[PDB]
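What follows is one structure encoded as structure tokens, with my remarks underneath.
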Amino acid sequence: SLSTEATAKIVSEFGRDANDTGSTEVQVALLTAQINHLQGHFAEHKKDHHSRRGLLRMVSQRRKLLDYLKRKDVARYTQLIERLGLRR
RNA sequence: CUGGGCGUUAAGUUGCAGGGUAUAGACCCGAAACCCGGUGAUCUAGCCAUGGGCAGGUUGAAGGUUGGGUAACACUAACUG
Ligand SMILES: [K+]
Ligand SMILES: [K+]
Ligand SMILES: [K+]
Ligand SMILES: [K+]
Ligand SMILES: [K+]
Ligand SMILES: [K+]
Ligand SMILES: [K+]
Ligand SMILES: [Mg+2]
Ligand SMILES: [Mg+2]
Ligand SMILES: [Mg+2]
Ligand SMILES: [Mg+2]
Ligand SMILES: [Mg+2]
Ligand SMILES: [Mg+2]
Ligand SMILES: [Mg+2]
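Set out below in structure tokens:
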């Protein structure tokens with residue numbers, strides 16, 4: 002659902018460089034962008050269970066990446082959740 | 001018609017008094033009712049407009065705020081109401 006330009010902007014904003022697409026912060030930011038974007042789609046299409054499964058997969062993947070980041074480096078995790086506006 | 005029915009050989013009429021009858025309230029008193037035209041919503045029934053009344057003490061719906069909760073809901077606790 003994210004466009005190429007938006008994906009590249011997120012990668013540049015959260016990674017070490019434009020090639021840092023694999024960092025945990027970049028992945029979590031991309032997942033957050035997709036989840037927030039789909040919120041509008043599921044507000045209108047409440048019975049789109051099949052697509053909602055893919056959304057819930059993004060949510061669980063973000064949770065697992067966040068727990069890994071918190072286990073590894075607490076400061077990076079705190080900065081990332083503050084920047085993204087996530088409760089945890 | 002041999003006949004048979006009704007008649008012919010018995011004074012009426014007009015007043016006055018009286019007895020009966022008729023039409024009328026017709027010996028007097030007495031219904032429940034029926035019809036016609038009026039008077040009544042100062043009681044009461046409903047409605048309409050315009051004003052008033054309801055000491056004192058309780059219970060604690062929805063809603064709201066904050067926290068928890070959720071990807072977002074949902075949900076949950078306290079306070080408020
Ligand atoms: K005769
Ligand atoms: K006479
Ligand atoms: K008489
Ligand atoms: K009659
Ligand atoms: K009246
Ligand atoms: K009262
Ligand atoms: K309440
Ligand atoms: Mg993907
Ligand atoms: Mg006489
Ligand atoms: Mg007489
Ligand atoms: Mg009759
Ligand atoms: Mg009157
Ligand atoms: Mg009143
Ligand atoms: Mg009172």
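So for the first sequence, full-length UniProt numbering puts the first residue at 2; every next one is plus one.
No residue lacks a Cβ here, since even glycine has one placed at the ideal position from N, Cα and C.
- Cβ-Cβ separation between residue 29 and residue 66: approximately 5 Å, consistent with a contact (criterion under 8 Å).
- As summarised for the stretch 31–78, the continuous alpha helix (DSSP H) elements at least 4 residues long and confined to that stretch are 50–73, given in chain order.
- If you draw a 10 Å sphere on the C-beta of residue 43, you find fewer than 16 other C-beta atoms in it, and that means exposed.
- Look at residue 19 here: in three-state DSSP terms it is coil, with no helix or strand label.
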